[PDB]
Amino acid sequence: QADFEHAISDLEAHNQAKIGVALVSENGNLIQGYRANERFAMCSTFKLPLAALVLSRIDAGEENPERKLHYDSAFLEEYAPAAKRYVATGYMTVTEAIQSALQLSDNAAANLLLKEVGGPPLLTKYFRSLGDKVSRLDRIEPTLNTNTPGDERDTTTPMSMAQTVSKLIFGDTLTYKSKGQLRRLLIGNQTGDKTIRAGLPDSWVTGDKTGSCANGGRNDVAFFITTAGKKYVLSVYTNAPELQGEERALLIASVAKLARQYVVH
């Protein structure tokens, strides 16, 4: 505990960074943390709960995975690599939007889903319905990434998001079908190979969602399953303005690698 904390502190000082981390068990209990209850910007980590909300509306018969979400170039965003590919067709399905939002972090895809669930206020409501008293969305993409110090819009804490993610992935509020879909989608994430996953062994099942924002923000939340079958969530939130991008990912990987050491013990 003492050791894990001093290790993260050393990483802060070496990198002139701020790091928040929570490692939780299947049931949401804190195993190890550092600044676990400090507020950070979600950045794109919000897309994981967003996808769960959409899945919960499918579960409730309020949404259909093949429903066409019609849009045109007016709905594009600067970072929207899938939506730009599909725009000439005039739509993406709910399914395609979920996959794009999760595995590519597509901002237009995420905005399409936000539109269909009732916008950031309804994602906040969703967080509260899960027992997450902290996490909140307020803005749509891309303005939710400003990461201004002291601004509580669009924020979580490492503990809260770790506990929310553990509930979604290992808990039972989603149907078994949706829970399975979410897990396989996260495992297939394309943006997290240099982040938490780079600090975990390849033999562990891992799924994650990254975030990147202004003021040097770089985040990742992952679930993983060890070879002994034990289940965890690791949230890692960082602000590292003095680091270059590859160095920001290495910092998260470094955190994961320290977590790996604790899990093994």
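Note that the rigid core is defined as the largest set of C-alphas that superpose within 1.5 Å between two forms. Residues carry their position along the shown sequence, with the first being 1.
Relative to the displayed structure, the C-alphas of 67-75 lie farther away on average in 4 other deposited structures of this protein than those of the other candidate, with 67-75 and 152-160 compared after rigid core superposition. Choosing between 12-20 and 253-261, the greater Cα displacement from the shown form in 4 other deposited structures of this protein, fitted by the core, goes with 253-261. In this crystal structure, the stretch out of 217-225 and 22-30 whose C-alpha atoms carry the higher mean B factor is 22-30. Between 56-64 and 43-51, the higher mean Cα B-factor belongs to 56-64. For the set 119, 192, 158, 90, the maximum C-alpha B-factor listed in the entry falls on 119.
Residue 231 sits in the highest third of its chain by CA B factor, as recorded in the PDB entry.
Residue-level temperature factors show residue 201 in the highest third of its chain, judged at the C-alpha atom.
For residue 172, the recorded CA temperature factor ranks within the highest third of the chain's modelled residues. When the modelled residues of the chain are ordered by C-alpha B-factor, residue 151 sits in the highest third. When all modelled residues of the chain are sorted by CA temperature factor, residue 73 is found within the middle third.
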